[PDB]
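J.: A structural model of the following input is requested.
(one chain, ligands or ions: 1)
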Amino acid sequence: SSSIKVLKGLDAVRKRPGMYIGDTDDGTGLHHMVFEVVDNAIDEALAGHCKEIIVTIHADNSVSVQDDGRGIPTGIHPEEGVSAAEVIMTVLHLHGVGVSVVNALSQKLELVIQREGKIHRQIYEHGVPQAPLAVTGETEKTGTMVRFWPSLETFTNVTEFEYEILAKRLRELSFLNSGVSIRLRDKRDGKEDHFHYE
Ligand SMILES: CNc1cccc2cc(C(=O)Nc3cccc(C(=O)O)c3)c(=O)[nH]c12
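T.: Residues are numbered from 1 along each chain as shown. Take a look at the structure below.
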């Protein structure tokens with residue numbers, strides 16, 4: 001059972017967030033949540049499909065990452081009875097460990113996928129999907145959007161995202177991945193930036 005594995009992996013991440021995300025007391029793990037989601041969007045860029053990424057700090061202290069790539073495949077996976085996107089959002093395999101870590105450590109996560117003319121949406125709570133991915137509407141755009149509300153059971157002390165921390169790494173990432181265009185917007189004060197290196 002994939003379902004059994006999935007919940008074991010999630011539970012493994014909650015019990016040992018240090019080895020997956022970093023220190024949970026000093027801010028580093030909290031911001032590493034953003035960078036992990038961002039790194040997935042960059043993969044879609046490196047793969048040649050995404051060109052703009054927008055990172056938003058929301059005023060309710062969640063962060064969203066939007067890409068204009070293909071959008072995570074929505075097809076019920078041939079292997080596990082749920083959408084391929086749910087697999088990517090929930091399956092652990094530190095070998096092959098990725099964005100499930102963020103899902104596990106978020107009190108809530110919102111996933112919106114635009115592809116093949118359709119908008120698909122799923123909500124997760126502590127990594128657990130409220131329902132299967134479902135079509136909520138129609139669109140002519142493509143891409144993936146992950147917004148996450150970090151668990152305040154997991155994170156102490158530094159619980160609010162810092163603009164400058166996110167600006168510094170995003171600037172570095174566009175530098176290292178020349179050609180990727182990344183926008184950062186703060187909804188708390190209206191501050192924004194655009195990082196591209198060519
Ligand atoms: C903010 N953005 C994102 C956050 C978190 C995860 C992903 C995953 C993906 C992806 O997995 N994209 C992809 C698209 C089409 C095909 C395949 C495939 O492997 O067959 C993969 C992506 O594009 N953005 C992401």
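
J.: any bit of stretch 54-62 sitting next to the ligand?
T.: No - contact of stretch 54-62 with the ligand is not found when judged by C-beta under 6 Å from any ligand atom; the minimum separation is 9.0 Å. The way it works is simple: take the backbone N, C-alpha and C, and place the C-beta from them, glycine included.

J.: same question, stretch 95-107
T.: Yes - shown here: stretch 95-107 in contact with the ligand (C-beta under 6 Å from any ligand atom) through residue 99.

J.: Which strands or helices does the helix or strand containing residue 43 pack on?
T.: Using DSSP states H and E, residue 43 sits in helix 28-46. Counting contacts by 3 or more C-beta pairs under 8 Å, 6 or more residues apart in numbering; DSSP states H and E, helix 28-46 packs against helix 18-21, strand 52-57, strand 63-67, helix 100-104, strand 143-150, helix 163-176.

J.: So which residues make contact with the third one?
T.: To tie it back to what came earlier, the one meant is strand 63-67. 33-34, 37-38, 40-41, 44-45, 50, 52-58, 110, 143-148, 161, 166 (C-beta atoms under 8 Å, 6 or more residues apart in numbering).

J.: What are the buried residues along the helix holding residue 43?
T.: 29-38, 40-42, 44-45 (16 or more other C-beta atoms under 10 Å).

J.: between those, which is nearest residue 8?
T.: residue 36 (20.1 Å; C-beta to C-beta).

J.: That closest one touches residue 102, doesn't it?
T.: Yes - counting by C-beta atoms under 8 Å, residue 102 is a contact partner of residue 36 at 5.3 Å.

J.: re earlier: pipe the helices and strands packed on helix 28-46 into CSV and attach distance to residue 127 per row.
T.: As requested, the helices and strands packed on helix 28-46 are arranged in CSV below (distance: least, C-beta to C-beta, whole Å):
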stretch, distance to residue 127
helix 18-21, 12
strand 52-57, 22
strand 63-67, 17
helix 100-104, 4
strand 143-150, 11
helix 163-176, 23
